[PDB]
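Asks: requesting a structural model of the entry that follows:
(chains A, B and C, ligands or ions: 5)
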Amino acid sequence: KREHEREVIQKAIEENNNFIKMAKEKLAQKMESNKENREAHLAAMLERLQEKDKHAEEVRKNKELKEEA
Amino acid sequence: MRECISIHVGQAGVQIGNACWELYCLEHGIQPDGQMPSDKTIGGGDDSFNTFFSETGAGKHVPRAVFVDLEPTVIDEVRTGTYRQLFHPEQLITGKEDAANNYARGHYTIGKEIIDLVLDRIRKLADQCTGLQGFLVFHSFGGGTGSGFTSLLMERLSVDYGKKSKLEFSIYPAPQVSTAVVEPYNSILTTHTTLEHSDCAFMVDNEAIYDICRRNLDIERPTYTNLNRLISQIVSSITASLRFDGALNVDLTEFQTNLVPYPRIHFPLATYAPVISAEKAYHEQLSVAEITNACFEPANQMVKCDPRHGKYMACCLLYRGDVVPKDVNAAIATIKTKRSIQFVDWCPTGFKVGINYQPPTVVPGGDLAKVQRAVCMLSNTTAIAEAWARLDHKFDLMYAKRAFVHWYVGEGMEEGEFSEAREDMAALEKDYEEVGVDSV
Amino acid sequence: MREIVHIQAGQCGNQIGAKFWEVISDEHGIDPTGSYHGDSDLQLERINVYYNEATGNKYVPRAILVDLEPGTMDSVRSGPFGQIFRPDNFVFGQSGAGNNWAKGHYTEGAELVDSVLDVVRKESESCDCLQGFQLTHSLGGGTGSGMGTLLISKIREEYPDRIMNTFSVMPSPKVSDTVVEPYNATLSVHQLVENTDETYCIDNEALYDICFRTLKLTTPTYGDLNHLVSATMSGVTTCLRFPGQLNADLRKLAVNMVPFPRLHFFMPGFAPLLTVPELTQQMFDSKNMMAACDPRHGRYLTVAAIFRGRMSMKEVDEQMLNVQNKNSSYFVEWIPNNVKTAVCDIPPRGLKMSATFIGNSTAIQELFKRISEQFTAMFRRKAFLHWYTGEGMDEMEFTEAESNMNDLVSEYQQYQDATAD
Ligand SMILES: Nc1nc2c(ncn2[C@@H]2O[C@H](COP(=O)(O)OP(=O)(O)OP(=O)(O)O)[C@@H](O)[C@H]2O)c(=O)[nH]1
Ligand SMILES: Nc1nc2c(ncn2[C@@H]2O[C@H](COP(=O)(O)OP(=O)(O)O)[C@@H](O)[C@H]2O)c(=O)[nH]1
Ligand SMILES: Cc1ccc(CN2CCS(=O)(=O)CC2)cc1
Ligand SMILES: [Mg+2]
Ligand SMILES: [Mg+2]
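Replies: Numbers count the residues shown, from 1 in each chain, chains lettered A, B, ... in the order given. Ligands and ions are numbered 1, 2, ... in the order given. There you are, the coordinates:
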């Protein structure tokens, strides 16, 4: 009966520690997945705006090649 | 010993916190400067009110509370208001840019910048406790901070304090005073996220409180101030067992044993009475029988739903004021005769009663009449799932078109979190159906 | 606080921009010298949203004046409230734009954009917590239309997570006879669909009709048309600059108004142009819209309403519920509670009560169909394209802009016909 009493309290401790551990890991996974997603969305936006500048340059360039000077 | 730390998150949580702590100070004789002339314990003590107030050597009684919001304007009113001297400045935490009604910004983009400061401040309150019992978290469902930041905070508190009990007071959204179209989204997301991290949550339906103010107090267009003072009375009733003691006082945690039959089924329905104007109180003295009968009138419920369409798994009556068991027993005998209160077949049908003799209190300038006796009933009824159903239906209407979903995805969230959270709600509705089915 | 940086480009942009600052300055008790002499502390509560506080309790609009010609900005500097603006925030060229979107976007407009960004960067750098920018301009000219969208793109590159908001004046043959305005407008809409979060469609077609048919102005001038624009701009910004619960900042307004990122073009309205029922019915009337569209030809995705002045909030609530219940057919069922109502006790100048309407309705496709109709009438015959190809552009950019705006229309129609079941 003493060894069963030990196993119960050890199980209670293990259940608390495991609740902490699982919560810590889920949150860390959500935190990391969210940082990647948001940063990736900003990268796509800026990349589009970069293609705009690239395009504006090949337009100003296109006006040069229309010269008969 | 037995200290409770209160955490008020976002506008709704903070303004409800203003009302609650004002009412606490009046119930205990604490002045706006924190002095409590009746307390001969200078600098400390083990009084029942010390569960909610610490004491300084200068005689200051300070709420064991943290106020946090992602923008400053609401908490700034606390900093400059009537009770500005009640809180240490480090208990009032604010950012500069709020969550814009976006769970993702409160849980991630903005909340992550201040979560560590918040946990550090909570840790300083915890370190002052000799036997911390748990937390009380006040927040709206619909706001970006009340939903997103509360969820993050609840998750982090589970990590930092383990099995320590965490209760919620959650403001369920109503159209008459709602501020965002996406509030059904934020409600489902925070309910899904925090479900594992609270062992008891009291939902307060803003529409229910709105109707009670209009009907019972003759207030044409109730304001948050009207709503919050009524809410504070219900909060006061529930925490009165922790803050006062007495022969007939029953600790809230003992009601909790009866109220929560399974971890997920932890959303009690609260009913408060009497809610009466001063004009009417001048004519009528409401007896124990009258206020008890009012608890079973659906119009006095904190959440709109029909308990007749569900089954009871628990029923607790929290009395305060001039109330003796004899009157309670008689009133209860009548109610069981007149009202069919259907219990599930697997739990006892006896009402659990507590009595706090300290009479109810009201704040000057309020609309509630001061009565000699009041009661808060806390029941665990399957009918509270109807509130989930209404919220889930609005969620489904918008989500089928992915309306507004880009605001969340743009902040780092994925559609899988929406469907995962919605599936959890469907499972919760199913769980509430299963617990009500008879045994065979 | 929560600062907004204001920018006005081109003739139309600076014209309505100046009127806007005149009107709100009067509301906030700021005089032409930038001193406060109001009466209500609610005027200064959120003053920092639009104003900086200089030395001596002086309030300077956080405004940047841009144009490729000096003319319009000179008359602003000589206007009534001309001395209130920061002299260093006038950024202008000399060559002008010649009503050419290509010049304002790729050529002369691009040679002046960096000096504008220097001033933008200087204003933003001194903000406690910048929330975004608002731009005033026309879509029919060249500077505000071409260079205005250029500034949006360049600004969005340096402030990608801030809110970009524009007041865009749509062209109409009833007001301006310039033949290329359908080209400039479509090229601008092409940009606004991608790079702005919320756009108020200020339609010169509707402004004229209001002045002529409602106000009885046989010969509407730009001053007459601009009285409506400033009254409207005052209304739609009341929540941003007065203590309020609903739609109190640019982002929260966007979250309540924009269910899909491309459908962010708003139909603004105003009333009167008197009881709460009358105010509410008038603000929802097609004749009170600043966009030449009938909301009864489509459906509302979202609506924002703001009532100004002293009035019964119980009555407002009833009338707002009544107008929704009796017109439920015109509100999409799959967005519940999509109409939000704010109230501000401070009325506009001269009126005791006022109501401002901001609608995200699929009926706004009528505005874009009108522009597309004028556009293709010239493009299918490749008329006047040399003004733009001579600056480096090719027919491909026109084709893409046409299909994007045509796609916008079909997307509005898609959600108009969508059903809950
Ligand atoms: N009962 C009650 N409800 C409130 C109060 N303040 C806000 N609400 C409700 O809370 C919801 C809006 O959430 P808020 O708490 O205001 O927003 P928040 O938590 O500050 O989140 P963000 O502002 O987006 O950062 C709406 O349903 C409001 O009706 C209040 O003082 N009392
Ligand atoms: N409502 C209004 N519209 C204007 C005003 N000035 C110009 N517009 C319109 O704007 C278009 C011309 O664009 P403009 O502002 O001159 O271009 P820009 O100055 O080169 O950037 C025409 O369709 C005009 O009807 C004004 O003060 N008010
Ligand atoms: C030993 C043990 C018991 C229960 C729990 C789970 N419980 C979730 C609800 S709570 O966050 O309020 C308190 C903890 C964990 C460990
Ligand atoms: Mg807030
Ligand atoms: Mg012009």
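
Asks: quick one: name the residues of chain B near ligand 1.
Replies: Contact residues, chain B versus ligand 1 (CB under 6 Å from any ligand atom): B:10-12, B:15-16, B:69-70, B:98-101, B:140, B:142-146, B:171, B:173, B:177-179, B:183, B:206, B:224, B:227-228, B:231. All C-beta spots, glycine's among them, are computed from the backbone N, C-alpha and C.

Asks: nearest spatial neighbour of residue B:133, skipping sequence neighbours?
Replies: residue B:2 (5.1 Å; CB to CB, 6 or more residues apart in numbering or on different chains).

Asks: so residue B:64 makes contact with residue B:8?
Replies: No: Residue B:64 lies out of contact with residue B:8 (CB atoms under 8 Å); the separation is 12.0 Å.

Asks: same drill for those two, tell me which one is more crowded.
Replies: residue B:8 (31 against 22; other CB atoms under 10 Å in any protein chain shown).

Asks: the more buried one: which element?
Replies: Element membership of residue B:8, judged by DSSP states H and E, is strand B:4-9.

Asks: that strand: which residues count as buried?
Replies: Judged by neighbour count (16 or more other CB atoms under 10 Å in any protein chain shown), strand B:4-9 contains these buried residues: B:4-9.

Asks: from the contact counts, what lies against that strand?
Replies: Applying 3 or more CB pairs under 8 Å, 6 or more residues apart in numbering or on different chains; DSSP states H and E, one finds that strand B:4-9 contacts helix B:10-28, strand B:65-69, helix B:115-127, strand B:134-140, helix B:150-161.

Asks: the third one and chain A, are they touching?
Replies: No: Helix B:115-127 is not in contact with chain A by CB under 8 Å from any CB of the partner chain; minimum separation 10.0 Å.

Asks: output that helix in CSV with nothing but the alpha carbons.
Replies: Included here for helix B:115-127 are C-alpha records, laid out as CSV according to Å, rounded to 0.1, in the frame of the first residue of the first chain:
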residue,chain,number,x,y,z
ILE,B,115,3.4,39.4,-22.7
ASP,B,116,6.7,39.1,-20.9
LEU,B,117,6.2,42.4,-19.0
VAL,B,118,2.7,41.3,-18.0
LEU,B,119,4.0,37.9,-16.7
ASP,B,120,6.7,39.7,-14.8
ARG,B,121,4.2,41.9,-13.1
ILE,B,122,1.9,39.0,-12.3
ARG,B,123,5.0,37.2,-10.8
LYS,B,124,5.6,40.2,-8.5
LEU,B,125,2.0,39.8,-7.1
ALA,B,126,2.4,36.1,-6.8
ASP,B,127,5.6,36.5,-4.8
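
Asks: that one: how far from the chain's middle?
Replies: Centre-to-centre, helix B:115-127 and its host chain are 21 Å apart (CA atoms, centre = their mean, to the nearest Å).

Asks: can you check the longest one too?
Replies: For helix B:10-28, the distance from its own C-alpha centre to the chain's C-alpha centre is 11 Å (CA atoms, centre = their mean).

Asks: contact partners of the helix or strand following that helix?
Replies: Downstream of helix B:10-28, the next assigned helix or strand under DSSP H and E is strand B:53-55. Outside strand B:53-55, the residues that touch it by CB atoms under 8 Å, 6 or more residues apart in numbering or on different chains are B:24, B:28, B:30, B:39, B:41-45, B:61-64, B:128.

Asks: what about the residue of the stretch 151-300 of chain C found nearest chain A, how many residues nearby?
Replies: Per CB to the nearest CB, the residue of the stretch 151-300 of chain C with the smallest distance to chain A is residue C:157, at 4.8 Å. Residue C:157: 17 surrounding residues under other CB under 10 Å.

Asks: surely it meets residue A:47?
Replies: No: using CB under 8 Å, residue C:157 makes no contact with residue A:47, being 10.7 Å away.

Asks: buried ones in the host helix or strand of residue B:253?
Replies: Residue B:253 belongs to helix B:252-259 when assigned by DSSP H and E. By neighbour count on 16+ other CB under 10 Å, the buried set for helix B:252-259 is B:252, B:255-256, B:258-259.

Asks: just name whatever secondary elements that helix is in contact with.
Replies: helix B:224-243, strand B:312-321, strand B:352-356, strand B:373-381.

Asks: in its sheet, what does the third one sit against?
Replies: Based on DSSP bridges, the pairing partners of strand B:352-356 within the sheet are strand B:312-321 (parallel).

Asks: can I get the strand it pairs with in PDB? Just the C-alpha atoms.
Replies: This file holds the C-alpha atoms of strand B:312-321, laid out as PDB (Å, rounded to 0.1, in the frame of the first residue of the first chain):
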ATOM      1  CA  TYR B 312     -29.500  20.700 -14.600                       C
ATOM      2  CA  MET B 313     -26.300  19.100 -13.400                       C
ATOM      3  CA  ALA B 314     -25.900  21.400 -10.400                       C
ATOM      4  CA  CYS B 315     -27.700  24.300  -8.700                       C
ATOM      5  CA  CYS B 316     -26.000  26.600  -6.200                       C
ATOM      6  CA  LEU B 317     -27.600  29.500  -4.300                       C
ATOM      7  CA  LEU B 318     -25.200  32.300  -3.000                       C
ATOM      8  CA  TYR B 319     -27.200  34.500  -0.600                       C
ATOM      9  CA  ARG B 320     -25.900  37.700   1.100                       C
ATOM     10  CA  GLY B 321     -27.500  39.900   3.700                       C
END
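
Asks: could you export the next helix or strand after it as CSV, CA atoms only?
Replies: Downstream of strand B:312-321, the next assigned helix or strand under DSSP H and E is helix B:325-338. Output of helix B:325-338 as CSV, limited to C-alpha atoms (Å, rounded to 0.1, in the frame of the first residue of the first chain):
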residue,chain,number,x,y,z
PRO,B,325,-31.5,28.8,6.4
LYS,B,326,-35.1,28.4,7.5
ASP,B,327,-36.3,31.0,5.0
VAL,B,328,-34.1,29.5,2.3
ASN,B,329,-35.4,25.9,2.9
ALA,B,330,-39.0,27.1,2.7
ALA,B,331,-38.4,29.1,-0.4
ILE,B,332,-36.7,26.2,-2.0
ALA,B,333,-39.5,23.8,-1.1
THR,B,334,-41.9,26.0,-2.9
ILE,B,335,-39.8,26.4,-6.0
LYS,B,336,-39.4,22.6,-6.4
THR,B,337,-43.2,22.4,-6.2
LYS,B,338,-44.0,25.1,-8.7
